[PDB]
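Chemist: Right, I'll just put the structure down here and ask away after.
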Amino acid sequence: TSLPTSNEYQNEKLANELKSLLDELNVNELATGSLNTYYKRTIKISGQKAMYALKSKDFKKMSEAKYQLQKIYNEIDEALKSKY
Amino acid sequence: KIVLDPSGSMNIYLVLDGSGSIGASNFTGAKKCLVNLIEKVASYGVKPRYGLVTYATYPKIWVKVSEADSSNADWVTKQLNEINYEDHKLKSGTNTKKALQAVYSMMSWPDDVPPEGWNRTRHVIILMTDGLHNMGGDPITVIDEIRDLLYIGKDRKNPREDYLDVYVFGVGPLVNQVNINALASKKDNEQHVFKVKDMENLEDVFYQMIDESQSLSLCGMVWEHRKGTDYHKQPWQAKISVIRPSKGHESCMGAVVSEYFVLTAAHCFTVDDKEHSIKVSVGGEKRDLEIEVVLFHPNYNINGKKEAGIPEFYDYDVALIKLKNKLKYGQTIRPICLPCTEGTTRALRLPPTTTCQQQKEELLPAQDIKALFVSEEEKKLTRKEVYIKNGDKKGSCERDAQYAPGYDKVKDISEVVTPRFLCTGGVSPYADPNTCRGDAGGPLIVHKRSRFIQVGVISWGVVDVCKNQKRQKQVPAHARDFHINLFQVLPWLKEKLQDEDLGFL
Amino acid sequence: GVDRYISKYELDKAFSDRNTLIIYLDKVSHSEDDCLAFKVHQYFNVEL
Amino acid sequence: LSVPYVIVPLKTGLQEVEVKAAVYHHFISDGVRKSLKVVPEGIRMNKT
Amino acid sequence: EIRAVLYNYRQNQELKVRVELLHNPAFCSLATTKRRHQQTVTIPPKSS
Amino acid sequence: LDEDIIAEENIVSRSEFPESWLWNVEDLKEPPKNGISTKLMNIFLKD
Ligand SMILES: *[C@@H]1O[C@H](CO)[C@@H](O[C@@H]2O[C@H](CO)[C@@H](O)[C@H](O)[C@H]2NC(C)=O)[C@H](O)[C@H]1NC(C)=O
Ligand SMILES: *[C@@H]1O[C@H](CO)[C@@H](O[C@@H]2O[C@H](CO)[C@@H](O)[C@H](O)[C@H]2NC(C)=O)[C@H](O)[C@H]1NC(C)=O
């Protein structure tokens, strides 16, 4: 068959990246349960942004939500290591 | 949360909805969630009083905390598993207030005199429902009576807030958050509300509620939550690097056994290796820990039969490293259990009168034993599952040693392969991966009763399938790996580590 | 490989943006040819 | 921009008030939960 | 060979860019009046 | 809801509004560089 065209493959790569973080979203939202209220407030706000971005397929919102969800994930990772 | 103290006395009330708003498949997921939880609780060694109640129009009590059977984890698991969704389907109401009133009756003492230890006792309530209580009065008013009866939140001098924790699980396809959020307890930075998607990835669920305040130092206990890193999955795993001029850089594995000691192989080091040239990293920190001395086994000798014609002799390939400073145990730093100890007795859930031989029988039967060792892939720790060939194929596992380079024409097999060696590898019964030379020194791990016990130490392998530093591409099937049995060197470890207070039998 | 190096920042790019490639060689022989090779795949599907 | 609201206190004590707001087409939101004292009618007297 | 460098210094937004070299009768390339020499590329944030 | 706005339930409220905080004590025992100890304290801000 013919190979995929210019942007179809690129848009799929971005979506796969967002789907990956969404799979562990319920885990991270749960992980903040024992953390401070800053995280619980931050992640549920960042969570919907990614959820809406995926079903809307908006490149602008999918890109930002990816890095927005990635940052709060890193904040949780450092929080759990320093909490022990 | 929930405190895990071996001296504890804790009541756990399990209330399970059985209305038509749940569904059979979700009711089963509710059961599977409880079974894993009860099993994980028993892994800590704490004996609570379990109460089991299923309710719809009328609550049905299955296990009461007054019975001595309430402290039997396996029996309660049997009672819960037998319960069927359509057992009381014809009474398919949702009367949570009466179910809580039954729990109120359980903690309630006769007359006006509470039995001693009432404030000493912890109380935990776990409720699973759709948030749509349709029968009976308000369920919240019974919570206030429980708060009153237990004298919790009723006094500024003594709050008693930590003696009661309430978790609510949102089950069923359709669910109401509002009433569930009202039922659940509300405490700062403590999760008490769970949704439908939370029913998957159970290890993360329990990680939020469990507090290991009095259970930090237990051996062979792993956190399996998805967010966990390599050292959450292997708390005892230690990475040992030896860099010395001429010799160069070299890396082996080690296993935490006490606050000052890590267990690893002896052939990784030598008497010429200085303590400053050995670096060990446990939790994964880039700060390398300083060591004090390396305790080689007295009967270790790599050149024991060198004059006879044998290049290398790996008998008693074990060593104990004493750290300069003692470790502080945590979620990523915990020892692995050692055979014939009181800790292993409690890990195997054995009575305190269990003998070292009885523990030997359980760990090493004359059969293929499931086990695993640790390996590195792109600077990331990963698990490799193998089989210990201890059954009838134990002789065939030892015979494959003839193909090892450097020992092809050695006449006597019993000379080179000592009874200290445990034999793994091969394709029967299943394909067992073969170690890299960097994987040497690691522990040989066996899983029993939701805990992990060390039974050996990675020694050497017949064929170095990981020669080109990569274990890529297929290899001949007769490549076997050998490991040092812990029962053979048990007197030396008991002699050296009796001052660490590990409770040897 | 020896006498060969590729920066990590360049290495971990992968298919997403690797169009220009930078390979560093510590030395090249003057007597005969030194060689290397690698595969390429089309992923954009454009002619000419 | 200020958005006024009208309310009536119903019970004495340091009671709780919560408000939330969210913008369209951007996922930026904010919420404010504060408490203020509900005082019954009267006034202080320091008689001897 | 000429090298055109495109910079994106947004802190949380990668950009899908339509980039084009236009025709010039004094230079030869795929860019002609009939056929445009256009590509669609993606620049990660704080990268080139 | 399917509209382009954050739902109300997931909006988490700011509620920590004390005027004064960070009532802490710490000792400079870090390695002295030119006699000056360099201490790093990671602190949570308030709302
Ligand atoms: C359990 O209940 C008592 C309530 O009387 C708790 O309070 C203690 O009471 C004893 C005797 O009345 C005092 O000596 C203690 O000082 C009390 N503890 C305080 C004030 O913290 C107590 O927690 C328990 N009683 C025991 C363990 O005897
Ligand atoms: C409870 O209900 C079912 C029971 O397993 C699961 O939910 C999904 O239900 C739909 C239709 O009812 C099925 O097509 C899916 O296969 C079910 N499973 C999924 C989506 O993983 C689930 O366990 C529970 N939750 C809900 C919302 O139904």
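Labels used: A, B, ... for chains in the order of the structure tokens, numbers from 1 for residues in each chain, and numbers from 1 for ligands as shown.
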Stretch 89-288 of chain B: which residues are strand (DSSP E or B) by DSSP, as an MDAnalysis selection string?
Modeler: chainID B and resid 122:129 164:170 187 190 193:194 210:211 237:244 248:256 261:264 278:281
Chemist: Which chain F residues are at most 7 Å from chain D (counting only C-alpha atoms), as a list in words?
Modeler: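 Matching residues, ligands excluded from the count: residues 4, 5, 6, 11, 12, 13, 14 and 15 of chain F.
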Chemist: Next, write the just-selected residues to a file, as a CSV table (one decimal), in the first residue's frame, keeping N, CA and C atoms as the atom set.
Modeler:
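File written: part.csv
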```
chain,number,residue,atom,x,y,z
F,4,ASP,N,-16.4,23.2,25.6
F,4,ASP,CA,-15.0,23.7,25.7
F,4,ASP,C,-14.8,24.5,27.0
F,5,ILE,N,-15.0,23.8,28.1
F,5,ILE,CA,-14.8,24.5,29.4
F,5,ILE,C,-14.6,23.4,30.5
F,6,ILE,N,-13.9,23.8,31.5
F,6,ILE,CA,-13.6,22.9,32.6
F,6,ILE,C,-14.9,22.7,33.4
F,11,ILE,N,-13.0,21.6,39.2
F,11,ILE,CA,-12.4,22.8,39.7
F,11,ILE,C,-12.1,22.7,41.2
F,12,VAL,N,-10.8,22.8,41.5
F,12,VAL,CA,-10.4,22.7,42.9
F,12,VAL,C,-10.1,24.1,43.5
F,13,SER,N,-10.7,24.3,44.6
F,13,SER,CA,-10.7,25.7,45.2
F,13,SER,C,-9.4,25.9,46.0
F,14,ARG,N,-8.8,27.2,45.8
F,14,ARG,CA,-7.8,27.6,46.7
F,14,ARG,C,-8.5,28.0,48.0
F,15,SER,N,-7.8,27.7,49.2
F,15,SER,CA,-8.5,27.9,50.5
F,15,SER,C,-7.4,28.2,51.5
```
Chemist: Contacts of stretch 70-80 of chain B at 10 Å or less, counting only C-alpha atoms, minus same-chain residues fewer than 4 places along, as a PyMOL selection string?
Modeler: chain B and resi 11-12+31-32+34-36+38-39+41-42+46-54+62-66+84
Chemist: Taking only C-alpha atoms and all ligand atoms and a cut-off of 10 Å, can you tell me which residues surround ligand 1, written as a ChimeraX atom specification?
Modeler: /B:114,116-121,151,157-158,160
Chemist: Could you please take those selected residues and save C-alpha atoms as a short mmCIF file (atom, residue, chain, number, x, y, z; two decimals), in the first residue's frame?
Modeler:
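Now in part_36.cif:
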```cif
data_model
loop_
_atom_site.label_atom_id
_atom_site.label_comp_id
_atom_site.auth_asym_id
_atom_site.auth_seq_id
_atom_site.Cartn_x
_atom_site.Cartn_y
_atom_site.Cartn_z
CA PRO B 114 -16.52 -0.91 77.34
CA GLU B 116 -10.45 -2.68 78.17
CA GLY B 117 -8.54 -1.76 75.04
CA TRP B 118 -11.46 0.11 73.47
CA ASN B 119 -9.37 3.24 72.91
CA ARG B 120 -6.31 1.07 72.25
CA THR B 121 -8.22 -0.49 69.33
CA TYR B 151 -15.35 9.72 71.40
CA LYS B 157 -7.73 17.67 74.45
CA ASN B 158 -8.01 14.21 72.83
CA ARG B 160 -8.90 10.49 68.52
#
```
Chemist: Could you list, as a PyMOL selection string, every residue of chain A that has an atom within 8 Å of an atom of chain E, counting only C-alpha atoms?
Modeler: chain A and resi 6-7+60+63-64+67-68
Chemist: Using only C-alpha atoms, which of the listed residues (B:502, B:310, B:356, B:327) sits closest to residue B:412?
Modeler: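 So, comparing all the options, the nearest one is B:310.
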